[PDB]
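Novice: Handing you a structure now.
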Amino acid sequence: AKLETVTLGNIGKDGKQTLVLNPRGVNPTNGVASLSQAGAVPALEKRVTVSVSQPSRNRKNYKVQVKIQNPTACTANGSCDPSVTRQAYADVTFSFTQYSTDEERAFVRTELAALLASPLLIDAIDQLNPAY
Amino acid sequence: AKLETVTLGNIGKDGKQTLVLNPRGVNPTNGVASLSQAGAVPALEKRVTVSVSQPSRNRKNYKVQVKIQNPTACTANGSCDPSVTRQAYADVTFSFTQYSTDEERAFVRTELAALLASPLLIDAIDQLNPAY
Amino acid sequence: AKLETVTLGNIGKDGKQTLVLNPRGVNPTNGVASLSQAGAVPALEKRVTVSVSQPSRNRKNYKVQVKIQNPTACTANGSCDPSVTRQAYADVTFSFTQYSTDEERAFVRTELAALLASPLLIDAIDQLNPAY
Amino acid sequence: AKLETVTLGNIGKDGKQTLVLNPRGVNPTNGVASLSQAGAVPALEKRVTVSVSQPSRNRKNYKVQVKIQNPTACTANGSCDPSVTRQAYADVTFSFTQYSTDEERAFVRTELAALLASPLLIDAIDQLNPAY
Amino acid sequence: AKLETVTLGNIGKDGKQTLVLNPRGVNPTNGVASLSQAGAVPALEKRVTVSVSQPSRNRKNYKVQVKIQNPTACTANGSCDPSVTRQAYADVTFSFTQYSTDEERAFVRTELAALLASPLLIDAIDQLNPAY
Amino acid sequence: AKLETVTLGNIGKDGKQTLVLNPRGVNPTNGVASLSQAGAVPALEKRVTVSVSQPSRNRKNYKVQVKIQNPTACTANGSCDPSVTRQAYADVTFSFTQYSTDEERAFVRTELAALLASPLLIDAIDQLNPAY
Amino acid sequence: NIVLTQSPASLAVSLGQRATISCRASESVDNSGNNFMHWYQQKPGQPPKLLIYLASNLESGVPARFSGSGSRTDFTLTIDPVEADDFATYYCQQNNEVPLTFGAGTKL
Amino acid sequence: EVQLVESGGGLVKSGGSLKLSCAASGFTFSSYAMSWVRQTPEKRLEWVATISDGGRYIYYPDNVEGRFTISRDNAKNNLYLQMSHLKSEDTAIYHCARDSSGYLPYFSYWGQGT
Amino acid sequence: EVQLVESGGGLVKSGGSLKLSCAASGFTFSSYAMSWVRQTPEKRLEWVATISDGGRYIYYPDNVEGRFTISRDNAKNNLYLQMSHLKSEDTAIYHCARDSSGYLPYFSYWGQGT
């Protein structure tokens with residue numbers, strides 16, 4: 001794909017916000033694409049990183065990995081620029097072998113996307129209650 | 001929540017496939033809740049596991065964790081019952097602190113579910129292309 | 001240049017076969033650009049890679065390098081999806097100095113492309129006969 | 001094949017030169033056929049070498065290898081015979097197993113011959129620009 | 001963003017000359033991205049490099065660095081190759097903190113450009129006159 | 001030449017802002033000539049310095065240096081004076097030999113200006129994206 | 001020569017509808033599994049822009065409303081949302097044989 | 001930005017001659033195959049000629065072959081079409097085009113002019 | 001114990017409006033999709049409306065869509081149905097229902113009232 005801007009709509013609990021994301025290039029050390037929030041200052045922006053890793057002599061299967069972090073800005077007294085109080089993290093890693101087909105990988109992707117809107121994962125992720 | 005049958009729709013590239021997942025109990029020794037498909041042979045089942053871990057004297061973070069395992073099976077030359085050829089995995093970890101509000105957690109969840117349906121990630125996961 | 005789809009014609013002994021190669025991005029960690037065929041399963045793809053390395057404190061030469069990998073696959077007795085049986089490789093390295101003009105480099109390139117269609121080399125490569 | 005003379009026409013960037021090559025025998029130590037330019041002096045001629053290596057107890061597959069070198073002659077002052085300033089090199093190595101067919105090997109040979117006339121390899125080899 | 005061919009127009013003391021730069025990859029060890037001019041004999045090329053600090057999470061100082069070098073050619077009598085009498089260098093370093101905004105960085109860049117177009121600095125550089 | 005009031009126009013991300021610089025003498029110990037903006041509270045001024053090597057008879061390397069620094073103001077609660085949160089720096093060094101001509105220096109200066117107006121560098125500096 | 005007879009040269013299609021364009025070559029188009037048929041779009045004051053190449057592949061700046069399908073003689077270009085911009089003539093071109101032959105055109 | 005502008009233009013009589021030109025900035029000109037494609041006033045496209053990377057392999061159709069001639073200048077980055085004998089069907093637009101990285105051309109970039 | 005009680009009720013004239021409510025204790029209300037299912041006096045069931053977890057995706061049939069409106073209050077744990085225009089077929093029981101953990105609803109828990 002091409003690193004373009006990404007608009008994420010119908011986001012949040014009410015489902016009425018947007019998160020717009022500007023591409024921040026790839027990293028020649030790791031091979032990781034980066035995307036940040038529109039606006040910003042550095043160290044107070046919402047970050048999305050994504051990498052894809054091929055087979056090698058060490059690991060035999062492909063590995064896709066998404067990693068999103070986002071801070072909370074608190075304005076203390078006596079200072080003009082905010083500090084970060086909390087980070088929230090999520091990181092998905094997909095593992096697919098070399099004889100896997102496009103249909104199977106799309107099935108995993110869309111299964112996870114459909115599953116995160118189910119009441120078990122609502123009540124697990126944003127209420128922190130386990131299943132019983 | 002309580003474990004009941006989760007049925008997921010609009011799965012696949014076409015978005016015309018469903019999947020039902022029946023409850024398979026909670027494991028008391030780690031707190032992992034399980035959902036599986038409706039087969040007789042246990043090695044051929046697509047399964048989902050989900051847990052959430054409280055803070056302790058070591059981690060100091062709430063940790064939500066979802067896993068997806070899809071086998072693909074086929075019967076070989078001179079073989080009668082099908083054996084499992086491939087495994088497609090998925091492993092999501094959410095990490096939060098004690099002072100995070102629920103709207104932050106819902107934002108991270110909906111942000112992930114909206115990233116999984118964006119052309120950058122459906123090109124990186126389906127066709128195995130790093131973002132370039 | 002820029003990676004676009006390379007379509008090659010007049011291939012084979014008869015010279016009546018084509019092959020299209022679609023861009024698969026540049027790898028930032030070594031500078032290797034990739035072209036592949038149009039399959040779903042990544043292990044069955046005929047692929048081409050190409051790079052060119054600048055002089056450093058160690059080599060003092062410009063180094064162009066092309067690789068070709070063609071798998072041949074077949075389904076076995078009692079097997080459903082095809083597996084890769086054989087691999088046919090090719091590995092060309094060009095080496096030049098800082099004071100070489102472009103006409104020298106074009107001469108070496110056209111000399112190689114004209115040797116590959118001469119009866120000496122098409123007898124040494126196709127029928128595996130040393131020149132005697 | 002037989003070591004005969006080889007005329008390479010439509011060579012160079014404009015495609016209007018020839019390179020005629022006289023066979024210089026094989027080498028009983030290595031097993032490598034040699035060919036040099038018509039005219040010459042030694043150490044100022046364009047060289048083509050070619051070897052074919054069978055399987056053994058060390059390597060299981062066939063290996064064909066072509067290796068072309070060509071110098072640049074500069075006439076310094078106070079001397080009558082030229083010196084060599086620059087060498088340009090290219091060396092292809094093909095690797096084929098023992099169950100490979102003639103069609104596959106011809107496909108590799110003609111794919112490389114067709115690919116070296118494509119604008120990616122034009123702009124990589126004689127302009128030294130990478131792909132982007 | 002991703003490197004492309006940069007055509008710069010209206011350059012020189014008169015304001016007529018152009019400069020066409022082609023991309024030449026990213027150094028993986030430090031992230032420096034190169035651009036060079038399509039000129040024969042690659043020791044005699046206009047070369048430009050650009051280096052940006054990679055966005056981490058706890059980086060305090062973002063740093064941009066641009067380098068220009070232009071050599072001159074001298075066909076010395078009694079040789080076949082041109083050599084390099086002179087180089088002309090340029091080294092621009094921008095330094096920002098993690099709370100700086102887009103408009104501050106844009107103001108510094110456009111200020112430096114408007115100073116290089118100003119008669120104070122096309123007199124200190126073009127004619128080598130110190131300001132007093 | 002002699003320092004005067006430099007009015008720079010069309011500055012910023014939009015291209016509307018101005019910058020009026022007044023001269024502030026020559027440092028006798030190193031020859032650095034200062035310009036600063038007419039702003040109240042002299043710790044909060046846009047400052048520009050320019051430094052040229054003085055023309056001797058046996059100087060081998062002429063060297064020009066330009067420095068820009070712009071501070072930001074923060075009226076901290078609980079005080080009467082604004083302080084400096086941030087600085088934004090710029091450091092440009094030109095290096096020439098004693099046989100360089102006027103057109104080479106003018107080409108380097110106008111090239112750097114045309115690069116700072118180019119979308120490669122109003123993306124590496126304004127948005128902090130490394131070129132890849 | 002290979003003659004491409006494009007279609008009836010007009011389409012009265014509304015805004016939100018879904019318009020198909022056909023192109024029928026004379027001979028076969030394949031040389032392997034590769035379809036050698038291309039679709040171009042020309043807006044009346046500017047040269048044609050390459051929409052899709054090799055009968056199924058979107059060029060790097062088309063908005064993915066356009067799609068192409070077909071086999072060996074029969075090819076179809078389809079637009080789904082069919083917005084205001086998509087009012088232009090459309091061309092089908094082959095490069096299998098040496099005389100390169102175009103289609104007549106379909107205004108809409 | 002692949003840019004292609006044309007010159008020459010023209011209003012000629014029958015049996016004359018003209019030389020169309022093309023300027024071709026934005027890319028490495030000497031790597032790619034270039035081509036001429038004309039457009040009749042009844043709005044039909046016609047392939048006119050193709051040339052290779054170095055100017056060695058030149059293709060024409062049967063309606064063109066005896067009286068048109070194309071050439072390159074890879075130092076001046078120019079493409080040339082030498083029109084001759086002009087038998088009154090030659091009343092078209094005559095676009096430049098860059099060929100695909102291929103074997104036989106499908107035009108990806110086009111030049112408006114003449 | 002999944003409990004659902006209703007209020008509003010009503011005896012209206014034609015073309016009026018009314019607002020039915022639902023109280024919804026026993027479970028985490030804001031996780032589940034909720035729904036309205038009415039039962040005619042000739043004892044036929046009819047789906048009325050569904051809403052999503054946060055109130056974003058709302059579904060109606062064609063007999064309902066212009067004149068009924070549902071909403072949630074996840075802080076007060078209440079479900080709301082705004083009935084309007086009341087064209088004399090709307091003389092039913094109007095149960096609350098909790099949807100299954102799914103994609104499209106099959107009602108598992110029901111509320112008796114109105």
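Every chain in the structure tokens has a letter given in the order shown (A, B, ...), and although residue numbers restart at 1 in each chain, ligands are simply numbered from 1 in the order shown.
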Give me the RMSD in Å over all C-alpha atoms, paired in order, after least-squares superposition of chain B onto chain F.
Specialist: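 It comes to 1.8 Å after superposition.
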Novice: Can you check which residues of chain C have any atom within 8 Å of chain E? Use only C-alpha atoms and format it as a PyMOL selection string.
Specialist: chain C and resi 28-31+98-102
Novice: Next, the residues of the selection above should be written as a PDB file, in the first residue's frame with C-alpha atoms.
Specialist:
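The resulting file, part04.pdb, is reproduced below:
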```
ATOM      1  CA  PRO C  28      14.180  -0.001   3.410  1.00  0.00           C
ATOM      2  CA  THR C  29      16.665  -2.087   5.393  1.00  0.00           C
ATOM      3  CA  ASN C  30      18.716  -3.225   2.401  1.00  0.00           C
ATOM      4  CA  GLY C  31      17.402  -1.266  -0.599  1.00  0.00           C
ATOM      5  CA  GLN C  98      33.490   5.623  -9.911  1.00  0.00           C
ATOM      6  CA  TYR C  99      35.051   6.754 -13.195  1.00  0.00           C
ATOM      7  CA  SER C 100      33.160   4.485 -15.584  1.00  0.00           C
ATOM      8  CA  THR C 101      31.099   6.240 -18.232  1.00  0.00           C
ATOM      9  CA  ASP C 102      27.521   5.178 -18.949  1.00  0.00           C
TER      10      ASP C 102
END
```
Novice: Show me, as JSON, numbers by chain, every residue of chain I with an atom at most 12 Å from chain B, counting only C-alpha atoms.
Specialist: {"I": [1, 2, 26, 27, 28, 29, 30, 31, 32, 53, 54, 99, 100, 101, 102, 103, 104, 105, 106, 108]}
Novice: If you keep N, CA, C and O atoms, can you produce a file of those selected residues as an mmCIF file, in the first residue's frame?
Specialist:
```
data_model
loop_
_atom_site.group_PDB
_atom_site.id
_atom_site.type_symbol
_atom_site.label_atom_id
_atom_site.label_comp_id
_atom_site.auth_asym_id
_atom_site.auth_seq_id
_atom_site.Cartn_x
_atom_site.Cartn_y
_atom_site.Cartn_z
ATOM 1 N N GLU I 1 -30.347 -11.764 37.267
ATOM 2 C CA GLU I 1 -31.718 -11.785 36.780
ATOM 3 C C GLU I 1 -31.982 -10.605 35.866
ATOM 4 O O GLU I 1 -32.117 -9.476 36.327
ATOM 5 N N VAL I 2 -32.044 -10.883 34.569
ATOM 6 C CA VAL I 2 -32.292 -9.855 33.563
ATOM 7 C C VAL I 2 -33.733 -9.379 33.716
ATOM 8 O O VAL I 2 -34.675 -10.125 33.441
ATOM 9 N N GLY I 26 -30.235 -5.734 35.985
ATOM 10 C CA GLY I 26 -29.801 -7.109 36.044
ATOM 11 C C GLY I 26 -28.536 -7.423 35.271
ATOM 12 O O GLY I 26 -27.937 -8.478 35.501
ATOM 13 N N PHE I 27 -28.108 -6.538 34.382
ATOM 14 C CA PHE I 27 -26.998 -6.825 33.483
ATOM 15 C C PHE I 27 -26.359 -5.505 33.088
ATOM 16 O O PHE I 27 -26.881 -4.430 33.385
ATOM 17 N N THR I 28 -25.217 -5.597 32.415
ATOM 18 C CA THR I 28 -24.522 -4.410 31.928
ATOM 19 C C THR I 28 -25.260 -3.909 30.699
ATOM 20 O O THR I 28 -25.149 -4.484 29.616
ATOM 21 N N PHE I 29 -26.022 -2.829 30.881
ATOM 22 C CA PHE I 29 -26.952 -2.356 29.863
ATOM 23 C C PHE I 29 -26.231 -1.833 28.633
ATOM 24 O O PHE I 29 -26.651 -2.097 27.503
ATOM 25 N N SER I 30 -25.128 -1.122 28.824
ATOM 26 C CA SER I 30 -24.478 -0.411 27.735
ATOM 27 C C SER I 30 -23.699 -1.313 26.791
ATOM 28 O O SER I 30 -23.174 -0.819 25.790
ATOM 29 N N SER I 31 -23.618 -2.610 27.062
ATOM 30 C CA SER I 31 -22.905 -3.524 26.185
ATOM 31 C C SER I 31 -23.791 -4.107 25.098
ATOM 32 O O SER I 31 -23.309 -4.382 23.997
ATOM 33 N N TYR I 32 -25.072 -4.286 25.380
ATOM 34 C CA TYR I 32 -25.975 -5.071 24.560
ATOM 35 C C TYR I 32 -26.830 -4.199 23.654
ATOM 36 O O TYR I 32 -27.155 -3.056 23.976
ATOM 37 N N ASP I 53 -24.970 -0.837 20.487
ATOM 38 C CA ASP I 53 -24.465 -0.740 21.856
ATOM 39 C C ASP I 53 -24.397 0.703 22.346
ATOM 40 O O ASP I 53 -24.780 0.998 23.482
ATOM 41 N N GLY I 54 -23.895 1.609 21.515
ATOM 42 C CA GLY I 54 -23.764 3.001 21.865
ATOM 43 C C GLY I 54 -24.802 3.901 21.253
ATOM 44 O O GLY I 54 -24.755 5.114 21.467
ATOM 45 N N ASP I 99 -31.041 -8.016 22.718
ATOM 46 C CA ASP I 99 -30.613 -8.771 21.553
ATOM 47 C C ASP I 99 -29.515 -9.759 21.911
ATOM 48 O O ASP I 99 -28.825 -9.632 22.923
ATOM 49 N N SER I 100 -29.358 -10.752 21.048
ATOM 50 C CA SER I 100 -28.303 -11.729 21.213
ATOM 51 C C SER I 100 -26.952 -11.114 20.876
ATOM 52 O O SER I 100 -26.858 -10.085 20.206
ATOM 53 N N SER I 101 -25.890 -11.764 21.353
ATOM 54 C CA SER I 101 -24.521 -11.293 21.155
ATOM 55 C C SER I 101 -24.107 -11.566 19.715
ATOM 56 O O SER I 101 -23.312 -12.452 19.414
ATOM 57 N N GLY I 102 -24.646 -10.768 18.809
ATOM 58 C CA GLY I 102 -24.591 -11.184 17.433
ATOM 59 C C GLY I 102 -24.415 -10.102 16.403
ATOM 60 O O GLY I 102 -23.710 -9.120 16.637
ATOM 61 N N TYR I 103 -25.075 -10.332 15.282
ATOM 62 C CA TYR I 103 -25.046 -9.428 14.178
ATOM 63 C C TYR I 103 -26.438 -8.837 13.918
ATOM 64 O O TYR I 103 -26.583 -7.633 13.842
ATOM 65 N N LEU I 104 -27.449 -9.682 13.828
ATOM 66 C CA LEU I 104 -28.837 -9.315 13.655
ATOM 67 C C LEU I 104 -29.500 -10.107 14.751
ATOM 68 O O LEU I 104 -29.225 -11.274 14.924
ATOM 69 N N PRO I 105 -30.394 -9.475 15.492
ATOM 70 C CA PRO I 105 -31.090 -9.983 16.672
ATOM 71 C C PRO I 105 -32.081 -11.139 16.650
ATOM 72 O O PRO I 105 -32.860 -11.354 15.747
ATOM 73 N N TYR I 106 -31.954 -11.944 17.685
ATOM 74 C CA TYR I 106 -32.914 -12.965 18.034
ATOM 75 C C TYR I 106 -33.061 -12.620 19.504
ATOM 76 O O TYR I 106 -32.100 -12.534 20.237
ATOM 77 N N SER I 108 -33.599 -12.774 23.318
ATOM 78 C CA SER I 108 -33.415 -13.752 24.362
ATOM 79 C C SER I 108 -34.132 -13.384 25.628
ATOM 80 O O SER I 108 -34.689 -14.240 26.303
#
```
Novice: Using only C-alpha atoms, what does the table of chain G residues within 10 Å of chain C look like, with each row giving the shortest atom pair and its distance in Å to one decimal, sorted by chain and ascending number, as a Markdown table?
Specialist:
```
| residue | atom | partner | partner_atom | distance |
| --- | --- | --- | --- | --- |
| G:30 | CA | C:18 | CA | 9.5 |
| G:31 | CA | C:17 | CA | 6.3 |
| G:32 | CA | C:18 | CA | 6.2 |
| G:33 | CA | C:19 | CA | 8.8 |
| G:34 | CA | C:20 | CA | 7.4 |
| G:53 | CA | C:5 | CA | 9.7 |
| G:54 | CA | C:20 | CA | 9.4 |
| G:59 | CA | C:4 | CA | 9.9 |
| G:60 | CA | C:4 | CA | 9.7 |
```
Novice: From the DSSP assignment of the backbone, select every residue of chain H that is strand (DSSP E), and format the answer as a ChimeraX atom specification.
Specialist: /H:6-7,17-22,34-39,45-50,68-73,78-84,95-99,107-111
Novice: Would you kindly return, as an MDAnalysis selection string, each protein, DNA or RNA residue with an atom no farther than 6 Å from any atom of segment 86-96 of chain E, considering only C-alpha atoms and excluding same-chain residues fewer than 2 positions away?
Specialist: (chainID E and resid 61:72 84) or (chainID F and resid 88:96)
Novice: May I have the residues of chain H within 8 Å of chain G, counting only C-alpha atoms, written as a PDB file with N, CA and C atoms, in the first residue's frame?
Specialist:
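Saved file part31.pdb follows:
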```pdb
ATOM      1  N   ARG H  44     -11.224   9.553 -33.301  1.00  0.00           N
ATOM      2  CA  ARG H  44     -10.707   8.196 -33.279  1.00  0.00           C
ATOM      3  C   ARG H  44      -9.216   8.242 -32.999  1.00  0.00           C
ATOM      4  N   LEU H  45      -8.750   7.353 -32.134  1.00  0.00           N
ATOM      5  CA  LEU H  45      -7.334   7.276 -31.831  1.00  0.00           C
ATOM      6  C   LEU H  45      -6.635   6.326 -32.790  1.00  0.00           C
ATOM      7  N   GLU H  46      -5.400   6.671 -33.142  1.00  0.00           N
ATOM      8  CA  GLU H  46      -4.590   5.852 -34.032  1.00  0.00           C
ATOM      9  C   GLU H  46      -3.145   5.868 -33.567  1.00  0.00           C
ATOM     10  N   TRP H  47      -2.586   4.679 -33.384  1.00  0.00           N
ATOM     11  CA  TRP H  47      -1.156   4.525 -33.166  1.00  0.00           C
ATOM     12  C   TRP H  47      -0.382   4.945 -34.408  1.00  0.00           C
ATOM     13  N   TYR H  60       6.047   0.833 -37.075  1.00  0.00           N
ATOM     14  CA  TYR H  60       5.072   1.645 -37.788  1.00  0.00           C
ATOM     15  C   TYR H  60       3.924   0.753 -38.233  1.00  0.00           C
ATOM     16  N   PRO H  61       2.726   1.307 -38.404  1.00  0.00           N
ATOM     17  CA  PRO H  61       1.664   0.584 -39.102  1.00  0.00           C
ATOM     18  C   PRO H  61       1.806   0.738 -40.611  1.00  0.00           C
ATOM     19  N   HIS H  95      -0.448  13.297 -30.245  1.00  0.00           N
ATOM     20  CA  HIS H  95       0.053  13.227 -28.877  1.00  0.00           C
ATOM     21  C   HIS H  95       1.370  12.463 -28.780  1.00  0.00           C
ATOM     22  N   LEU H 104       5.275  -4.569 -25.674  1.00  0.00           N
ATOM     23  CA  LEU H 104       4.513  -3.832 -26.657  1.00  0.00           C
ATOM     24  C   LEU H 104       3.739  -2.874 -25.788  1.00  0.00           C
ATOM     25  N   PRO H 105       3.697  -1.612 -26.176  1.00  0.00           N
ATOM     26  CA  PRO H 105       3.111  -0.482 -25.459  1.00  0.00           C
ATOM     27  C   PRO H 105       1.625  -0.331 -25.165  1.00  0.00           C
ATOM     28  N   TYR H 106       1.384   0.144 -23.961  1.00  0.00           N
ATOM     29  CA  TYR H 106       0.089   0.609 -23.521  1.00  0.00           C
ATOM     30  C   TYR H 106       0.531   1.940 -22.942  1.00  0.00           C
ATOM     31  N   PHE H 107      -0.082   3.011 -23.382  1.00  0.00           N
ATOM     32  CA  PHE H 107       0.392   4.323 -23.008  1.00  0.00           C
ATOM     33  C   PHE H 107      -0.087   4.774 -21.670  1.00  0.00           C
ATOM     34  N   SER H 108       0.851   5.143 -20.820  1.00  0.00           N
ATOM     35  CA  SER H 108       0.535   5.540 -19.471  1.00  0.00           C
ATOM     36  C   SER H 108       0.548   7.030 -19.291  1.00  0.00           C
ATOM     37  N   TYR H 109       1.507   7.695 -19.896  1.00  0.00           N
ATOM     38  CA  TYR H 109       1.554   9.142 -19.781  1.00  0.00           C
ATOM     39  C   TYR H 109       1.442   9.761 -21.162  1.00  0.00           C
ATOM     40  N   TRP H 110       0.668  10.839 -21.241  1.00  0.00           N
ATOM     41  CA  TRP H 110       0.238  11.446 -22.488  1.00  0.00           C
ATOM     42  C   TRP H 110       0.614  12.917 -22.515  1.00  0.00           C
ATOM     43  N   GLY H 111       0.865  13.421 -23.716  1.00  0.00           N
ATOM     44  CA  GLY H 111       1.156  14.826 -23.893  1.00  0.00           C
ATOM     45  C   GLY H 111       0.140  15.511 -24.782  1.00  0.00           C
ATOM     46  N   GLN H 112      -0.475  16.579 -24.281  1.00  0.00           N
ATOM     47  CA  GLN H 112      -1.444  17.353 -25.047  1.00  0.00           C
ATOM     48  C   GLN H 112      -0.741  18.416 -25.882  1.00  0.00           C
TER      49      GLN H 112
END
```
Novice: Work out how far atom CA of residue 38 of chain H is from atom CA of residue 27 of chain G, in Å to one decimal.
Specialist: 24.3 Å
Novice: Please extract the residues of chain B with a backbone DSSP assignment of alpha helix (DSSP H) and present them as a list in words.
Specialist: residues 102, 103, 104, 105, 106, 107, 108, 109, 110, 111, 112, 113, 114, 115, 119, 120, 121, 122, 123, 124, 125 and 126 of chain B
Novice: Could you please take those selected residues and save C-alpha atoms as an mmCIF file, in the first residue's frame?
Specialist:
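Ended up saving to out-v7.cif:
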```
data_model
loop_
_atom_site.group_PDB
_atom_site.id
_atom_site.type_symbol
_atom_site.label_atom_id
_atom_site.label_comp_id
_atom_site.auth_asym_id
_atom_site.auth_seq_id
_atom_site.Cartn_x
_atom_site.Cartn_y
_atom_site.Cartn_z
ATOM 1 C CA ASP B 102 -14.014 4.124 30.075
ATOM 2 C CA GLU B 103 -14.232 6.511 27.107
ATOM 3 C CA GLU B 104 -10.484 6.154 26.514
ATOM 4 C CA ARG B 105 -10.812 2.361 26.456
ATOM 5 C CA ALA B 106 -13.783 2.548 24.095
ATOM 6 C CA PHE B 107 -11.814 4.917 21.861
ATOM 7 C CA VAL B 108 -8.900 2.463 21.626
ATOM 8 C CA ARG B 109 -11.285 -0.428 20.874
ATOM 9 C CA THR B 110 -13.201 1.418 18.138
ATOM 10 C CA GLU B 111 -9.919 2.787 16.741
ATOM 11 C CA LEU B 112 -8.593 -0.735 16.304
ATOM 12 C CA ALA B 113 -11.868 -1.972 14.789
ATOM 13 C CA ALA B 114 -11.802 0.966 12.351
ATOM 14 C CA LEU B 115 -8.143 0.442 11.419
ATOM 15 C CA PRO B 119 -7.165 0.075 2.810
ATOM 16 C CA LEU B 120 -3.698 0.371 4.363
ATOM 17 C CA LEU B 121 -4.273 -2.540 6.732
ATOM 18 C CA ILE B 122 -6.410 -4.626 4.382
ATOM 19 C CA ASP B 123 -3.566 -4.354 1.881
ATOM 20 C CA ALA B 124 -0.917 -5.166 4.485
ATOM 21 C CA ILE B 125 -2.817 -8.180 5.868
ATOM 22 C CA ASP B 126 -4.490 -9.669 2.799
#
```
Novice: Which distance in Å separates atom CA of residue 35 of chain I and atom CA of residue 10 of chain I, to one decimal?
Specialist: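 Between atom CA of residue 35 of chain I and atom CA of residue 10 of chain I the gap works out to 19.6 Å.
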Novice: If I take atom CA of residue 113 of chain H and atom CA of residue 37 of chain H, how far is one from the other in Å, to one decimal?
Specialist: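 Going from atom CA of residue 113 of chain H over to atom CA of residue 37 of chain H covers 11.3 Å.
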